[PDB]
Ligand SMILES: [Zn+2]
Ligand SMILES: [Zn+2]
């Protein structure tokens, strides 16, 4: 037993990571088949990022202005194109390490693993949730752009995130692999507001079920509630409203533990109104919302990948 | 910026993971050069684990009683031997995926990444500290035995942990790669006490420095203290005593932030005596002690591995 924030094994994504340089800007690219994907602001100087015209900046670039390096090996660039906020660099060599993969646009509340990279080289791996306000709370230093987020299902890597920006508030923003930003963000160094950062209610509930499965039971109360009455409390505490879809997804955890979803809702409501009184739940002193219901089942069942 | 619990990229260790079966017991092995390392209780039935005589049990086993499988490929076992609590299985094929590696026995308080495995297959990766009482708080289900813990420095993997046991208290115990248990534990299903689980004081201090580097500054007080007076408080709260070696290791973080180590000690003492009053530090509502001073510097500097 025990319960930990876990990232997916990252070996499949390590084999795809390259370094992309244009002029004096260097960041990370993702090399799948004969295409390298990277943030389009590889073509930007520090000054350009204040207010870039990406079309006009890219006009000045040719294939040979893009240096793509994998280890100590130069990939030859035979074509380039801008898709929303990503560049796609056609290279003359397919990555022999390409895994079975997909591109997916994930929903708010879903989670994924980030392989933090610098100069094309892997540095570490950690788990992230796409917040309801479409930011992520990550660990990204200068040169980490082009790092990707992904999920693994058996032998298939589902890429869902590419890192582009740190907001002046210290949280992080990026795109799917088609270059479309999550949230209302743009790849420009200007002040950008993410709205209210609400809590992923269905995720908090799955984590409470994981706690019960692992023996943390103290917070189990003897109240129940209703969806509408719980959501009254949830809105007060800036929690996402719980819907029957969310109840449905929690079904298996409800079944395994014998705790009706609305009973857990009443327990969470009490935690929201009373705090934790100096106690912890699965080693944490606040309510954790970056575990999905599938994350819980995955870890309480030991799913493997090949 | 931002600060996250980060595991090392796990691709090098994934390439070494195999499945080992003996009779009806299956667990994980580590395949480096022409040797497979796995916990010796692969030779045990459920009944045997109550009180095993490993020498007498192993006498009954021959090379062919050990099935070692890598993917869909059978490795031929040409020799076996027991080193403390690990078996070493000589195979007739060197792992072509073997990285540069070392075996190291880490010290209490140091950290490492665990690649949780089942049936020889990677399931996820997470960061762990060797607690002062020589347990780890992990996520290990049945069949996770033989999973390893490691650190990566450039192109060299330093294996430091192999998982063997869950204690009846729910924490975890295992060996170095020479088969020697961390702590006073034995590979037997009998009740085993780990002593008092104290807090890794130097680690908490490094994390407070990481907080300051990232803008979390509220806890900075205007007291200082002395090593002896701080340790008076530290013993009351079951904190490891702070030594000048620990002060020395914090030197660079002290230098970068301008906060003398004993000043941070006075801030921690106030947190210990007053709590956090409903606030958080780097997104946590308790004091985190599973980041080493090197973990902080690594993440605030962006060290890469190849
Ligand atoms: Zn960038
Ligand atoms: Zn076992």
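So for chain A, numbering is Swiss-Prot's, and the shown residues are 3264-3569, in order.
Just so it is clear, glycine is given a Cβ too, placed from its N, Cα and C backbone atoms.
Under the heading domain 'Peptidase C30', Swiss-Prot lists A:3264-3569.
The feature ubiquitin cross-link is assigned by Swiss-Prot to A:3268 (among others). In the three-state DSSP scheme, residue A:3268 (ubiquitin cross-link) falls into the coil class. All protein chains shown were included, and the count of other CB atoms within 10 Å of the CB of residue A:3268 (ubiquitin cross-link) stands at 21.
Here Swiss-Prot flags A:3304 (among others) as active site, for 3CL-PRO activity, drawing on experimental evidence. In this structure, residue A:3304 (active site, for 3CL-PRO activity) is part of a helix by DSSP.
Residues or ranges marked as ubiquitin cross-link by Swiss-Prot on the basis of experimental evidence: A:3353 (among others). With a 10 A radius on its CB, residue A:3353 (ubiquitin cross-link) counts 15 other CB atoms from all the protein chains.
Taken from Swiss-Prot, the feature active site, for 3CL-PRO activity applies to A:3408 (among others). Annotation note: residue A:3408 (active site, for 3CL-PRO activity) sits in a coil segment as assigned by DSSP. Around residue A:3408 (active site, for 3CL-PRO activity), the same-chain residues at least 6 positions away in sequence with a Cβ under 8 Å from its Cβ are A:3290, A:3291, A:3301, A:3302, A:3304, A:3305, A:3426, A:3427, A:3428.
Each of the recorded positions A:3268, A:3304, A:3353, A:3408 was checked for a CB under 8 angstroms from a CB of chain B; the ones meeting this are A:3268. Each residue contributes its Cα atom, and for residue A:3353 (ubiquitin cross-link) and residue A:3268 (ubiquitin cross-link) those atoms are 36 Å apart. Its own atom aside, the Cβ of residue A:3304 (active site, for 3CL-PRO activity) has 25 Cβ atoms within 10 angstroms in the protein chains shown. In this structure, the recorded positions that sit close to ligand 1, with a C-beta under 6 angstroms from any of its atoms, are A:3408, chosen from A:3268, A:3353, A:3408.
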